[PDB]
Amino acid sequence: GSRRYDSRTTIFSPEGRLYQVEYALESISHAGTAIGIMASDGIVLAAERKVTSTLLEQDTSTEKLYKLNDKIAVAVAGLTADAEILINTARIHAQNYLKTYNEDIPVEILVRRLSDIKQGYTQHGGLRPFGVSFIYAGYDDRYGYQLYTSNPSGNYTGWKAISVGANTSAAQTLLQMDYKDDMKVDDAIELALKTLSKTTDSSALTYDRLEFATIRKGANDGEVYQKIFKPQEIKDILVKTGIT
Amino acid sequence: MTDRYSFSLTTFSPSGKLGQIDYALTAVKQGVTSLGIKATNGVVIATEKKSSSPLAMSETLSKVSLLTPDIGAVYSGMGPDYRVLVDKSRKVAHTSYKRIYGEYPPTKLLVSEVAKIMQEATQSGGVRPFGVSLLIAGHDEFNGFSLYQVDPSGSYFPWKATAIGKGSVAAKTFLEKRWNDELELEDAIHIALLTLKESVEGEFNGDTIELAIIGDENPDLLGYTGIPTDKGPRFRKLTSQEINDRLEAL
Amino acid sequence: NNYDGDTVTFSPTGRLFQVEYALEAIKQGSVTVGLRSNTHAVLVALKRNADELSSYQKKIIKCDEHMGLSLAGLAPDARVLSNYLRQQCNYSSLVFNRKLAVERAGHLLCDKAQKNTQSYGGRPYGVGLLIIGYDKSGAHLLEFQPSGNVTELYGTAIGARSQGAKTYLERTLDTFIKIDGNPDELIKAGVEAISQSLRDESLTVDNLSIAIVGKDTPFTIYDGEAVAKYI
Amino acid sequence: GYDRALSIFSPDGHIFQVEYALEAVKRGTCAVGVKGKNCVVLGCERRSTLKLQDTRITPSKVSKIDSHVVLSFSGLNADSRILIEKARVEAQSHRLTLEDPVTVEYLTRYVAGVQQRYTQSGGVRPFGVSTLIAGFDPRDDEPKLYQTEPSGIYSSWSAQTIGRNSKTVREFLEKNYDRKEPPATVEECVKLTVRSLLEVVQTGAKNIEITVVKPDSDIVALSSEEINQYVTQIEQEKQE
Amino acid sequence: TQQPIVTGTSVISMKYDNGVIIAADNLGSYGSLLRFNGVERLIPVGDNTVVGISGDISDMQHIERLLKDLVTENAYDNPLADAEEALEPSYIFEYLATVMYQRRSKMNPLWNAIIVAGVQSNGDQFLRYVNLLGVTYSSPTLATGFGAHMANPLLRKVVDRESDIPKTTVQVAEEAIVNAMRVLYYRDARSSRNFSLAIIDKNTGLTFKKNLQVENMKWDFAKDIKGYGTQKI
Amino acid sequence: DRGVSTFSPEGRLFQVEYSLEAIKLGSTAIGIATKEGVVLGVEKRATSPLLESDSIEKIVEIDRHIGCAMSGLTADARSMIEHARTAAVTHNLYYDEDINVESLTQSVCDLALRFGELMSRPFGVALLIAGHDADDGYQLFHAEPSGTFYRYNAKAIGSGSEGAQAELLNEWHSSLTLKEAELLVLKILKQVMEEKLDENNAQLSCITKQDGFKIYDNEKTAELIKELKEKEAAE
Amino acid sequence: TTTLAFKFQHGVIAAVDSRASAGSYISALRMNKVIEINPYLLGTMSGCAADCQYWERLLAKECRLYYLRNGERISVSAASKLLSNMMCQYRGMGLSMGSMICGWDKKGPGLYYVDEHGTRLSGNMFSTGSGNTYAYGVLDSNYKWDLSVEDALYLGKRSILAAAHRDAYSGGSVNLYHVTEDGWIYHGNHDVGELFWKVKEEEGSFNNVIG
Amino acid sequence: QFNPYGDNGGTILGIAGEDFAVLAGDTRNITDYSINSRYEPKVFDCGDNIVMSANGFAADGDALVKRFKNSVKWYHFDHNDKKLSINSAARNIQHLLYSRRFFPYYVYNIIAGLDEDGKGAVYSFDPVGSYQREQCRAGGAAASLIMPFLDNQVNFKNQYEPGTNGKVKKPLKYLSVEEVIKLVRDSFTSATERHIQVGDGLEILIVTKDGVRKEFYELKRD
Ligand SMILES: *[C@@](C)(CO)[C@](*)(O)[C@H](Cc1ccccc1)NC(=O)[C@H](Cc1c[nH]c2ccccc12)NC(=O)[C@@H](C)NC(=O)CN1CCOCC1
Ligand SMILES: [Mg+2]
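Structure below.
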């Protein structure tokens, strides 16, 4: 019967690892690097688009940075199509929480929900896992500014600064070196871009090969603003920090 | 009976590759060349009508398809897979949008829905991925003109101009030299015909080429008068004669 | 070899190995004999024990007042099939006020076993059954194989060393068929038949199991000191 | 639905998937449980390969199932969330139908039953998680400490450890823990728990987490400085 | 739940020494309208059973088909279908009674009253009633609808108890049935002159008589009846 | 791979035969039936001295008149016990009486072969079901994952089974007292166990008509162990 | 019916009548309206006899299973709640069942009222049935926590008598129970016909009635 | 509208002796003012020395008896030909009746036999399953006519010993089978006189350790 052709996606190796999760992580390691840095007065999200073309319409393009609600955003590393399935689920969960409790969803609760969905694909159903790693950047009134990451295993952890995708080993070392706790957003912006500039596989880091976003309390009085940077605005911040 | 294939047929290999998606992309590579170019006041999509037999009536086989009045699509790869995707794309434009908001979806959202369907064939139980890459051209009020590519993985990217299939590498190079942000629609059609001639071996005329545009509203193609706000479809398929006229000024 | 992984696969010579392996389980099972005359039908079964401290596994099961069987092979599968027969015998009584014909009971068992041999996921039954009964057309004896094949016979035997008892019955055919209106002599012929399949061990009081059904005799099972008469 | 039997017997009478789930537990960070005369302490390792971590928001290793029961684990982190969620739901469900909070033994028996169910159900793999469940029964001052594992077996322990290098810390506990006289105070119980982790941990900085649970729903987690004082005192006595 | 539309009236029957008799008129009424005049409501099953049905005709036609299918199904893998393992009146009745009671238990009854008349293998007479409620009973005489009120009293004068059955001949029993049908024609507003009669004897088998008419009717005394009391002319 | 309900060429179900190998790795359990009662005894086998041995529950009550001992993958037994307890009490609800030991055992064994592609595999545990009823008196059954159950006068299951069964072959007779049976279980357990037998690593239990099913205290078992040592030193 | 039950110093008393009705017709003179769930649990009955018997005998099934799983006797609080949860599943379906769950557990003596609506009330004294108003009158004026077992048994007995007399659908006989920490104790079946005349003479009450 | 219930009349009577039990019932079956049958048995031997009768709506009564007889059959199969005691049968019937709590068997049910100590036993049920063991019980159409007579002549209610004037009761001496059958016949003769649905015939089933015996008596046919 059908058993003959079953890959068995949800099994342990003799060493106690999940084959498909490990191979999905291998896939993600070839994806464009995404970086998240948390400061005292905001969060930065930086990400590298993969070998683009001159004929790609950049201003209407979105492959890395996505908005989950007004307070929370995500950076993607892996299969974009897989990520959009999960993103739309996360957008719905945030709205369900808002409808139920009449309050914006706490960042961790949203992260746990998505991570639980990823976990389910590793334990039952016989389907392949989602080949996606997220960096969650968000704000709520309990913990303030928060950075999380989740991977295909469904495991999630909190961070002050973190990278996913390609060259995370090199990127994490550079972040660990220059990061300090009393850091500010403008400094974090500079750190994120400098890290990408050194870890990139491209010859030079340009505006057309980047997606960028900030979550600031730099909004008029006690409230939070999401800023998805436009191509011209990424070009300006590259000149300002002295990379181009 | 029962569909007992409730498990994924597409899985990650040790190297991190999704084999069936890669193999689907290989099927797309073997397929006939198709392309798309975006102008300031329109979009053009084109492909070769590779007829399987001269006894076959190639007019009955439509490679370029209307999805909505302002959105069209063309493909490279497996024709039957494309045909069913067009059927599903047309339907999803109604069920998940028009029946809710009373208007046709914008290009990017219809593309998003098509992409979702193709992604599910990449993860759901007992199915292979679609063996096609789509080029979807369209217009809507708030986004203007746009051109999108959709791959077997479900990934989609917006393009100023691009090509897929047999001679895509050469065709994309040809388009990079000719494209600029000041092109008029007629100039884009001219470039489309030049680009497409390089990948075609045999006859090159209106009967062997399929070409459509997303441009100005066509009140003559609406089918009724009396409602000022309804001005007609922006999608128009060029006739055999209309193509040949532009081949003399080639 | 390559074609014995499941029941849904024919071999290149048109054989179904999973069914044949299920047939093998019957041969490993303890011997049981069936025979009938025109008035009565008899089952004789050699029960098997695990050791000296253990009891002797029961071989005969009652299905109705007029019908029952003996088993050889996987006992749980016999429980499933005998339960099905009990229900069918019972459906016939409650709905049609009609005692279920033995021939029709065989047809129902055949069809139940067959479904397990053509579908993926399941398995064949690993047991052989000898059904006896008395209905409107007199006494009957059936042999059930889990391949689905059901056969009406004057006498037969299944299990380990069953060929000896089957040869005896084939010689005695003309004699025991004529034993009408004499239950004890028909049982004697059955006990003498099953004795041709014994080696080393002999028929003791808690070893032997006998059942009978007939014209004015409900299906009854005899165990313990009730069969000492026939030893 | 996906019905495939993933956990099955092998010729030698082993269920490999259940045994490979134990290997995932072996890979997990070390967790330790020690019960004193009037308390239970749960110690947990934090691997220091991950710095630049935000310790405020990162999922803590010890989880409250109810106000009087806690659960720590070793193995797959994502898997543990599913057991914890189920346990928390069952805890409220028990209060709702029986009007008493769960006993520690009952909660353990439920979690172990869930783990067992995933070893003979179609289409699913076993949980790659072993748990330590500790607390005090309602209106009872006797400490309770239980362990579970992927196979679904559970048992009560005077002291126990699970996870990586658990063989070493169990060796330590077996010679250091006296049954006739268990850690009389909270200090002695925490000290013995920290000592046992220091056999394996590496640095005694942010790598050790301690959670003390006392009777009548009195549960607190120690801070870095409080634990650091235990680490300081232990090594100063060791220099002799 | 429904209401009966096209209906059939009384079915009457009785036992005699060697068998049973059953009869029913050939009318299909549509309320007060005598719509259909060629309806057979006695349905033979083999050569040893006759089922007489009253009530809803559409439900009767449904039952008629169940019985026709029952005969077909009994013959399947049955070499003794025309002998030892042929359908018996008791088998056919219990089947119907099972169906009727199940249908009432789903609150979707077959709006009928049925009498199964026949002779068993051992020569014993069979006569049992069942209706839309699943209610069953047996008696030396049985009748449905109006027949219960008018025919039974007449038929019980012939066979008042079980011991009177061997004393009753087929000529006497048929005579009694035919008289009862005449009385029903006089007094039942939803009856007809034309009727069918069936005899199932243990010796002579099944005799099915069609196109019978009520005859020897008394009407002449009507000429003398004038007015409703005081009128003389 | 291959089906879960597959027959071997010898006519045996692979999975059932493999589950029997898991039961051979399990801790020893012994049952002895007498006319004064049935005795059940088990080896606890703690994996470490820190494990509180009294939490090892390998002897279990099903009803007041039925007890049960287990050997093998003991986690699998929990659902079997749950079903047994439900079956026992449900029958008491429907029939206002105690359920027969055989009928209870049959109900448990009906679960055994409900596996395929229902549960995904057979049970990896064997059960000794001991009890008493008015019809057949004191009884001891051995319930396997094959769905088969044999009645026994005495039976041993687990790692030291064939050695213990040979010993039970010689020692059992129809006139055994309850006290004699208790000592006999302790004697044979002590013989097949790896570690030295005491009240903490071994457990006794019995079922009598009067008092019903009882698990023995560690103090009560300790005295029976001391009584055993002295009577073995007596000759 | 008339049922009552009350907590006091030495446990809980439970008293019930024995009549059963089918309209004006007295269908039964001697019906058991108490169920011995276990040696420390009792269950009174009022309403549909079938519902009372089925659901309380099903409660006894569920209380026995609790003992087997937990190795410990179920509480009165938990037992009453299981029963009330059963009622809530057949909520609105037309059940008619009013009952008191009497018993002794770790918290001491326990008494809970449960009805078909899913109501569950803890209290020291309850009375259900068509004649409960008559029973309450006697109970409220004579109840104390400081009652002796002999006086308490009499109070519950006398309270049912009061109701049996006035209420047309109560009577037949009185069944007494006394719940202690060693378990419940049956204190007999008392015919109302004989008890009435006995009480009238000894107590001097029912002066209005001629005897 | 369709009414799934009906009333087939009849009356039944069960009396428990010291070492025997009787279950009697009239043989008349009716609808409204018509007679369906003058002899339609209503009391059945169900096996294991148990007799049963479901009085009220015949279709529901036949179904219940049919189901209980089936329950006895499966009790033998499942529990090694064990004899079903009268108390176990009673409990089993409660669950059969409550199966249809929301679409009841419209019948008053009585069973009779011997308990496990050999003494006579009668159990009485209502349509929804409440049951109880009794010494005496009449059920059905004329139940209200007969029961008071049985309270008087079986349990000696309102009877005292002459000379004492109400101080001492009549002692509860046991009744023989011959004495009981007289009370049964007089009960049905009296019920036939004043109740239109009762008559035609009387069938009594007597249960002893020796087995189940029948007795039939004619009744007035008007
Ligand atoms: C007072 C008598 C109320 O009138 C009691 O509540 C009593 C409670 C009770 C509880 C357990 C056993 C017996 C009695 N209730 C009844 O007797 C009850 C009253 C009744 C009648 N129809 C009702 C509808 C809804 C609620 C109550 C109703 N009567 C019954 O349940 C009748 C129908 N049952 C019997 O009489 C059953 N017995 C008939 C003779 O055979 C033995 C069983
Ligand atoms: Mg009368």
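Residue numbers (the entry's author numbering), protein chains in the order written: chain P, 1 to 244; chain O, 1 to 250; chain S, 3 to 233; chain Q, 1 to 240; chain a, 1 to 233; chain R, 1 to 117, 125 to 242; chain Y, 1 to 211; chain Z, 1 to 222. Positions of the beta carbon are idealized from the N, C-alpha and C atoms, including for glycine.
{"Item": "Chain-ordered list of residues that sit, by beta carbon, closer than 6 Å to a heavy atom of ligand 1", "Value": "Y:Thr1, Y:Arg19, Y:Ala20, Y:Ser21, Y:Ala22, Y:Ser27, Y:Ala28, Y:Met31, Y:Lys33, Y:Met45, Y:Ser46, Y:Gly47, Y:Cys48, Y:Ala49, Y:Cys52, Y:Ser96, Y:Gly129, Y:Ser130, Y:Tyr169, Z:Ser124, Z:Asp126, Z:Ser130, Z:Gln132"}
{"Item": "Extent of the continuous beta strand (DSSP E) run through Q:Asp66", "Value": "63-66"}
{"Item": "Heavy atom of ligand 2 within 7 Å of Z:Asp32 beta-carbon", "Value": "no"}
{"Item": "Heavy atom of ligand 2 within 7 Å of Z:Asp222 beta-carbon", "Value": "yes"}
{"Item": "Same chain, Cβ closer than 6 Å to Q:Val40, neighbours up to 5 away in sequence not counted", "Value": "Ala134, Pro143, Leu145, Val213"}
{"Item": "Selected residue, minimal CA-CA separation from S:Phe221, among S:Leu131, S:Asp137, S:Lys29, S:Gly192", "Value": "S:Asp137"}
{"Item": "According to DSSP, residues forming a beta bridge with Y:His178", "Value": "Y:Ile13, Y:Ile185"}
{"Item": "Distance cut-off 7 Å: Z:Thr192 Cβ against heavy atoms of ligand 2", "Value": "yes"}
{"Item": "Validate contact between the segment 135-149 of chain O and the segment 104-117 of chain O using beta carbons, cut 8 Å, 3 pairs", "Value": "yes"}
{"Item": "Min CB distance Z:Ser130 to chain R below 8 Å", "Value": "no"}
{"Item": "Residue(s) in a DSSP beta bridge with P:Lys67", "Value": "P:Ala73"}
{"Item": "is_contact[Y:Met93, chain Z] using C-beta, thresh 8 Å", "Value": "yes"}
{"Item": "Sufficient close CB pairs (3 or more, under 8 Å) joining the segment 136-155 of chain a to the segment 225-233 of chain Q", "Value": "no"}
{"Item": "Q:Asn176 - DSSP class collapsed to helix/strand/coil", "Value": "helix"}
{"Item": "Residues that R:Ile81 contacts on chain Q, provided the C-beta gap is smaller than 7 Å", "Value": "The contacting residues do not exist; R:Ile81 stays about 11 Å from chain Q at best."}
{"Item": "At least three beta-carbon pairs within less than 8 Å, the segment 75-91 of chain Z to the segment 29-36 of chain Z", "Value": "no"}
{"Item": "Beta-ladder partner(s) of S:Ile223, from DSSP", "Value": "S:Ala213"}
{"Item": "Local conformation of Y:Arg57 per DSSP, three classes", "Value": "helix"}
{"Item": "Three CB pairs or more closer than 8 Å across the segment 34-50 of chain Q and the segment 90-97 of chain Q", "Value": "no"}
{"Item": "At least 3 beta-carbon pairs within less than 8 Å: the segment 36-46 of chain a vs the segment 20-28 of chain a", "Value": "yes"}
{"Item": "9 Å Cβ cut-off: residues of chain R touching Z:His76", "Value": "Correct list: empty, because the minimum Cβ distance to chain R is about 12 Å."}
{"Item": "Chain-ordered chain R contacts of Z:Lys82 [CB-CB under 8 Å]", "Value": "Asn100, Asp142"}
{"Item": "Z:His195 CB to nearest heavy atom of ligand 2 below 7 Å", "Value": "yes"}
{"Item": "Beta-carbon proximity of S:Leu210 to S:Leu131, cut-off 8 Å", "Value": "no"}
{"Item": "Beta-carbon neighbours of Q:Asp100, restricted to chain Y and to distances below 9 Å", "Value": "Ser75, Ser77, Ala78"}
{"Item": "Reduced DSSP secondary structure (H/G/I, E/B, other) of Z:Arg28", "Value": "coil"}
{"Item": "Nearest-angstrom Cβ-Cβ length linking P:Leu196 and P:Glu48, presumed shorter than 8 Å", "Value": "6 Å"}
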